[PDB]
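# so I've got this experimental structure, pasted below with the sequence.
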Amino acid sequence: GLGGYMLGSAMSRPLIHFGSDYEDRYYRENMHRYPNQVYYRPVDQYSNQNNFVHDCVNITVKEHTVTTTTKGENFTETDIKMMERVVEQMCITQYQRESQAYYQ
């Protein structure tokens, strides 16, 4: 039920700053367990801030969490928030750049 969307290429992983050593290395350890991509729509058609970034995070974190869960992998609560943070940061990073060029 994606429709087809616009999955970005692999990205710069935003460093997440939980505030403790353990989660700091825990992220850096197993980064590849989280995405390095953002499932987003183009800015060309359905131009939104919220209704694009949130539905972006919604699908992206859904589809990954789906894959894991179907492939016998599990995510802890901090992992859910890890992806929510990382995928928010990456999806807005994409928007910042795209929507700059859209208005230049």
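All right, it came through fine. Numbering: from 1, shown residues only.

# CA only for contacts and neighbour counts going forward, please
Will do.

# residue 12: how many residues sit nearby?
Residue 12: 9 surrounding residues under other C-alpha atoms under 10 Å.

# and it, what are its phi and psi?
When read as degrees, to the nearest 10, the backbone of residue 12 gives phi -80, psi 120.

# my read: it touches residue 36, true?
Yes - taking C-alpha atoms under 8 Å as the definition, residue 12 is a contact partner of residue 36 at 7.1 Å.

# and the longest helix anywhere in the chain, what does it pack against?
If you go by DSSP state H, the chain has its longest helix at helix 77-102. Other helices and strands packing on helix 77-102, by 3 or more C-alpha pairs under 8 Å, 6 or more residues apart in numbering; DSSP states H and E, are helix 50-70.

# buried ones in the helix it packs on?
52, 53, 54, 56, 57, 58, 59, 60, 61, 65 (16 or more other C-alpha atoms under 10 Å).

# now swap in stretch 16-33 and tell me
Buried-residue list, stretch 16-33, by 16+ other C-alpha under 10 Å: 23, 27.

# follow-up on the earlier one: in the longest helix of the chain, which residues are buried?
Neighbour counts using 16+ other C-alpha under 10 Å place 79, 82-92, 94-95 of helix 77-102 among the buried residues.

# export the buried residues of helix 50-70 to CSV and tack on distance to residue 100?
CSV is the format used below for the buried residues of helix 50-70 (distance: C-alpha to C-alpha, whole Å):
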residue, distance to residue 100
52, 16
53, 16
54, 19
56, 19
57, 21
58, 24
59, 24
60, 23
61, 25
65, 31
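
# give the contact list for the residue nearest the centre of the chain.
For the chain, the residue nearest the mean C-alpha position is residue 87 (2.0 Å; C-alpha atoms, centre = their mean). Shown in contact with residue 87 (C-alpha atoms under 8 Å, 6 or more residues apart in numbering): 35, 37, 38, 57, 60, 61.

# distance of it from residue 72?
22 Å (C-alpha to C-alpha, to the nearest Å).

# over to residue 55?
Using C-alpha to C-alpha, we find residue 55 at a distance of 25 Å from residue 72.
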